[PDB]
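Here's the structure, in structure tokens; my notes come after.
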2 protein chains.
Amino acid sequence: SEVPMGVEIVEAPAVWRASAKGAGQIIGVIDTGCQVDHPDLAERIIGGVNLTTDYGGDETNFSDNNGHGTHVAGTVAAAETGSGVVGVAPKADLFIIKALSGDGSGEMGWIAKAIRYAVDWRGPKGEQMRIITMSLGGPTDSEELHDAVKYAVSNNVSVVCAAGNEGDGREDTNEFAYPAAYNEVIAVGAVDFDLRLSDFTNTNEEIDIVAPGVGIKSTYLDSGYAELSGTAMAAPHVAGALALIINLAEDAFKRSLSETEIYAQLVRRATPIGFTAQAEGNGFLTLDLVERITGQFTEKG
Amino acid sequence: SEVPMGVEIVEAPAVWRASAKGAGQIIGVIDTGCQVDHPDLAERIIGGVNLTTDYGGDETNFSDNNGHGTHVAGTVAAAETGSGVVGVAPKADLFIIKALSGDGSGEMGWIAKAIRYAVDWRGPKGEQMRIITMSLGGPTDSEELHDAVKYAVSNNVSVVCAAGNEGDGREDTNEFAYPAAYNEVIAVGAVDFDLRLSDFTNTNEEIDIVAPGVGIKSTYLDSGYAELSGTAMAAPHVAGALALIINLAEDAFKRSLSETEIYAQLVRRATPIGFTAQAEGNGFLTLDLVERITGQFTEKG
Ligand SMILES: [Ca+2]
Ligand SMILES: [Ca+2]
Ligand code: NA
Ligand code: NA
Ligand SMILES: [Sr+2]
Ligand SMILES: [Sr+2]
């Protein structure tokens, strides 16, 4: 089906109805930018920015030299179309922030302003962003990346990061990457479709959750489709999951929720597997877990 | 058994082993003070303060004129003894803050300093407090009660409050009490042993969880035992639950956790019943829920 397996095990379809499919949420994608014209993405993308000196400092060209950030974006919100793929939140909107280059590398300061950009951003109506996603990592702790992050988190924005693919198969070796390594962030590691712990996934004391990250079919360059692998692919499932969660929990609680409140709601939709918390964090993302533990039986007409 | 039913449905016994029974955590009880000599409490109480002008401004007499704060304290940590009752965290220590009078009333400013006291407190080693509990409510929002609360929460202290017993049986009438009504607090409503929604429990958009609050047998005055009722009795189960949760989650995550992190861990040990979130918040406190969803089978020798 139009739906990939990762969007499936994560249980997004079980909650689309109650979540309005992510409708009304704007997700910032910080990556190598995006193919704006891909049929599976064009009505999701409502804008973007270029902060690399790719295309020579060209502030408004945020298309994709790599293919990476096109992939990630599909996982977050590839729309339903009969065609290709659907993302965890096919009614959420994507703001593209190209802060990586065609070589897939970026300088700490490209990231930091990307974060700030998205927080400080507004669009026509005053439509602001609530989730940001970054399937990208750096071995280096520079403060003020930290600060951009803390800037975000305390203006009720949720920050979702790939954990890093610099690890072995020991839960007990711990390997870090930034910004996933900061506490304020939602740091996502990777498992495959058999919930086996992918080898490359960084383990540490700051991992929040894991999601599918092996052979993820999603939107590719030149209106294509490709299967990539990495914690870069895990991260966006939890990015989308958050648009669902905000909607369905703001319904239920009948008000706005804090960053804190959102995180708690994410975490209660996580199911431990058999790995340590340094490896799986709070568990694997199971978006229907709350319904399932509650088991009300309702009429059917 | 020495164990009351509320400590039982809440599933405290299922996690005592892994939590060290609350060992190493100091819970502040803000109430009508406590019978320091009750056999079921004396080795739990490691100090206390009097901030009422009961016993004429007598700063160091924190015994109990009412019986209320003796009850609450038992629910939090009545120790195992073969005798009477056991609390949700029978190895946690209690600091008594009398800020209510023999008439069970207190002035907003007695509360506010009680909170501040406990935060700013230290004992011999530099043993500080992590949980505070307040089975007490006031119809009035005075800022700087708010601030005491925010003071607490941002110095990694968790604040646990009775929701209020000024409600009907409609989930949709919403009735408030302070400090339970502030967002930063963990506000607890009451259900009975059949998970029926007790009538008196305040409902609103700020309720976090519910726990047993009908006919709670606990430690009473003059080394007695009594069954009281109210959200005042719900609150302490979640107070104790937090000492368990901190211990077991700091084991698992192998570091210190923030206020945020603690709350998420509480909330994932809550099971919705069939009521709205205005009524049950995130659900009923089920301390073994995480194990149960994870279902690893381990050897037995
Ligand atoms: Ca490792
Ligand atoms: Ca009501
Ligand atoms: Na599609
Ligand atoms: Na006892
Ligand atoms: Sr985190
Ligand atoms: Sr709250």
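For the structure tokens, the naming scheme is as follows: chains receive sequential letters (A, B, ...) according to their order of presentation, residues are indexed from 1 within each chain, and ligands are indexed from 1 in presentation order.
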task = Tell me which protein, DNA and RNA residues are within 9 Å of region 221-236 of chain B, counting only C-alpha atoms, leaving out same-chain ones fewer than 4 positions away, and put them as a count of residues only.
result = 54
Taking only C-alpha atoms and all ligand atoms into account, produce a table as a Markdown table in which each residue of chain B with an atom at most 8 Å from an atom of ligand 2 appears once, together with its shortest atom pair and the distance in Å to one decimal, ordered by chain and rising number.
| residue | atom | partner | partner_atom_place_in_ligand_line | distance |
| --- | --- | --- | --- | --- |
| B:167 | CA | ligand 2 | 1 (Ca) | 5.0 |
| B:168 | CA | ligand 2 | 1 (Ca) | 5.1 |
| B:169 | CA | ligand 2 | 1 (Ca) | 5.8 |
| B:170 | CA | ligand 2 | 1 (Ca) | 4.4 |
| B:171 | CA | ligand 2 | 1 (Ca) | 4.6 |
| B:172 | CA | ligand 2 | 1 (Ca) | 5.4 |
| B:173 | CA | ligand 2 | 1 (Ca) | 3.6 |
| B:174 | CA | ligand 2 | 1 (Ca) | 4.5 |
| B:175 | CA | ligand 2 | 1 (Ca) | 5.8 |
| B:201 | CA | ligand 2 | 1 (Ca) | 7.4 |
| B:202 | CA | ligand 2 | 1 (Ca) | 5.8 |
| B:203 | CA | ligand 2 | 1 (Ca) | 4.7 |
| B:204 | CA | ligand 2 | 1 (Ca) | 7.3 |
| B:279 | CA | ligand 2 | 1 (Ca) | 7.6 |
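With a cut-off of 7 Å and using only C-alpha atoms and all ligand atoms, the polymer residues contacting ligand 6 are residues 182, 183, 184, 185, 186, 187, 206, 207 and 208 of chain B.
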Requested write-out: C-alpha atoms of the selected residues, as a compact mmCIF listing (two decimals), in the first residue's frame:
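So part.txt came out as:
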# COMPACT_ATOMS: atom_id res chain seq x y z
CA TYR B 182 -1.92 25.23 38.76
CA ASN B 183 -0.38 23.37 35.87
CA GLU B 184 3.12 22.83 37.38
CA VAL B 185 1.64 20.71 40.15
CA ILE B 186 0.63 17.07 40.06
CA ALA B 187 -3.08 17.30 40.80
CA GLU B 206 -5.56 20.54 35.03
CA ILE B 207 -6.02 17.10 36.64
CA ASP B 208 -3.03 14.77 36.21
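Summary of the local environment: counting only C-alpha atoms, residues at most 7 Å from residue 112 (chain A), other than itself and those fewer than 4 positions away along its chain, are residues 108, 116, 145 and 148 of chain A.
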Write the residues you've just listed into a file as an mmCIF file, in the first residue's frame, and include N, CA, C and O atoms for each of them.
data_model
loop_
_atom_site.group_PDB
_atom_site.id
_atom_site.type_symbol
_atom_site.label_atom_id
_atom_site.label_comp_id
_atom_site.auth_asym_id
_atom_site.auth_seq_id
_atom_site.Cartn_x
_atom_site.Cartn_y
_atom_site.Cartn_z
ATOM 1 N N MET A 108 28.392 23.886 12.564
ATOM 2 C CA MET A 108 27.577 23.999 13.756
ATOM 3 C C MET A 108 26.672 25.221 13.686
ATOM 4 O O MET A 108 25.546 25.207 14.178
ATOM 5 N N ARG A 116 16.942 28.462 15.526
ATOM 6 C CA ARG A 116 16.442 29.795 15.879
ATOM 7 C C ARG A 116 15.483 30.283 14.815
ATOM 8 O O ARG A 116 14.422 30.843 15.138
ATOM 9 N N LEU A 145 24.772 25.923 20.390
ATOM 10 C CA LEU A 145 23.911 24.903 19.780
ATOM 11 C C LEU A 145 23.006 24.511 20.932
ATOM 12 O O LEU A 145 21.782 24.637 20.837
ATOM 13 N N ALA A 148 20.469 27.194 21.370
ATOM 14 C CA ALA A 148 19.458 27.276 20.336
ATOM 15 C C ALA A 148 18.390 26.289 20.762
ATOM 16 O O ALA A 148 17.199 26.618 20.831
#
query = Near chain A, which residues of chain B fall within 9 Å when you count only C-alpha atoms, and what do they look like as an MDAnalysis selection string?
reply = chainID B and resid 205:206 252:255 260:261 263:274 276:278 281 290:291 293:296
Using C-alpha atoms, can you export the residues from the last selection as an mmCIF file, in the first residue's frame?
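Saved to selection08.cif:
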data_model
loop_
_atom_site.group_PDB
_atom_site.id
_atom_site.type_symbol
_atom_site.label_atom_id
_atom_site.label_comp_id
_atom_site.auth_asym_id
_atom_site.auth_seq_id
_atom_site.Cartn_x
_atom_site.Cartn_y
_atom_site.Cartn_z
ATOM 1 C CA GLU B 205 -8.512 20.865 32.638
ATOM 2 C CA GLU B 206 -5.562 20.541 35.034
ATOM 3 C CA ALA B 252 17.207 2.073 34.707
ATOM 4 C CA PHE B 253 18.409 5.381 33.159
ATOM 5 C CA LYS B 254 21.615 5.399 35.229
ATOM 6 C CA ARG B 255 21.599 9.092 35.959
ATOM 7 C CA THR B 260 9.943 16.548 33.398
ATOM 8 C CA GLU B 261 11.413 13.104 33.246
ATOM 9 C CA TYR B 263 6.399 13.288 35.490
ATOM 10 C CA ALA B 264 6.639 11.282 32.155
ATOM 11 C CA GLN B 265 7.537 8.204 34.212
ATOM 12 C CA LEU B 266 4.607 8.761 36.538
ATOM 13 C CA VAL B 267 2.218 9.258 33.655
ATOM 14 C CA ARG B 268 3.247 6.144 31.880
ATOM 15 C CA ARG B 269 2.209 4.292 35.014
ATOM 16 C CA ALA B 270 -1.313 5.574 34.644
ATOM 17 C CA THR B 271 -4.130 3.638 33.052
ATOM 18 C CA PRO B 272 -7.201 5.457 31.705
ATOM 19 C CA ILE B 273 -10.538 3.994 32.997
ATOM 20 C CA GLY B 274 -13.349 5.272 30.778
ATOM 21 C CA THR B 276 -12.659 12.050 30.389
ATOM 22 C CA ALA B 277 -9.226 13.604 30.998
ATOM 23 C CA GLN B 278 -10.936 16.482 32.907
ATOM 24 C CA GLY B 281 -6.363 13.119 33.903
ATOM 25 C CA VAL B 290 5.467 -0.633 32.428
ATOM 26 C CA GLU B 291 6.646 -4.213 33.271
ATOM 27 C CA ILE B 293 3.473 -3.955 28.732
ATOM 28 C CA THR B 294 7.002 -5.117 28.368
ATOM 29 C CA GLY B 295 6.562 -8.773 29.369
ATOM 30 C CA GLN B 296 10.143 -10.052 29.335
#
Which protein, DNA or RNA residues have an atom within 6 Å of ligand 4, counting only C-alpha atoms and all ligand atoms, as a short mmCIF file (atom, residue, chain, number, x, y, z; two decimals) with C-alpha atoms, in the first residue's frame?
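Dumped to result-v1.cif:
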data_model
loop_
_atom_site.label_atom_id
_atom_site.label_comp_id
_atom_site.auth_asym_id
_atom_site.auth_seq_id
_atom_site.Cartn_x
_atom_site.Cartn_y
_atom_site.Cartn_z
CA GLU B 2 -0.43 -4.95 57.05
CA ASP B 40 3.99 2.86 62.27
CA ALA B 78 3.70 3.82 57.12
CA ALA B 79 6.49 1.23 57.61
CA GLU B 80 6.18 -2.58 57.63
CA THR B 81 6.16 -3.85 61.18
CA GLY B 82 3.75 -6.78 61.22
CA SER B 83 1.46 -3.97 62.51
CA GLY B 84 -1.38 -1.88 61.16
CA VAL B 85 -0.57 -0.50 57.75
CA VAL B 86 2.19 0.03 55.19
#
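Using only C-alpha atoms and all ligand atoms for every distance, the candidate list A:27, A:10, A:42, A:129 yields A:42 as the residue closest to ligand 3.
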inquiry  = What parts of region 31-60 of chain A does DSSP call strand (DSSP E)? I'd like the answer as an NGL selection string.
reply    = :A and (31 or 45-50)
request  = Would you please give, as number ranges by chain, all residues of region 62-279 of chain B that DSSP assigns to helix (DSSP H, G or I) based on the backbone?
outcome  = B: 68-77, 108-120, 145-153, 231-253, 259-267, 277-279
Å distance separating CA of residue 115 (chain A) from CA of residue 149 (chain A), one decimal place = 7.0 Å
